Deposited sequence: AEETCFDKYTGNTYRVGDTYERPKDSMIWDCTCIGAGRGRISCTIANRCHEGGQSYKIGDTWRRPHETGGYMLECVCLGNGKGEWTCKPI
């Protein structure tokens, strides 16, 4: 019967449920903790957010060097949403 409600997903969760949440132009990994308070813990630490997009650990993507060559970027995570871009 104990639930969390997430207005960003519009869904009701049980204790221990995990889900993805859209917020602040990023995707968060959230967990319904409950604690009698609908408590939710969410994080972006295990995803990368660059150039307005959201990436998972191991994803790579391309972007022009703001020039004028392409960069290849990779999502590392390392507990702080770390990503790196270098010329290819």
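Undergrad: Which parts of the deposited chain sequence are absent from the coordinates, listed in sequence order?
TA: Unmodelled stretches, in sequence order: 1, 68.
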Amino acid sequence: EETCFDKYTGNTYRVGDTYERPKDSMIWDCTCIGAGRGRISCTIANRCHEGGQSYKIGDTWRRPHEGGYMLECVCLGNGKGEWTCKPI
From here on, numbers count along this sequence of modelled residues.
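Undergrad: Identify the stretch, either 43-51 or 56-64, whose C-alpha atoms have the larger mean B-factor according to the entry.
TA: Result: 56-64.
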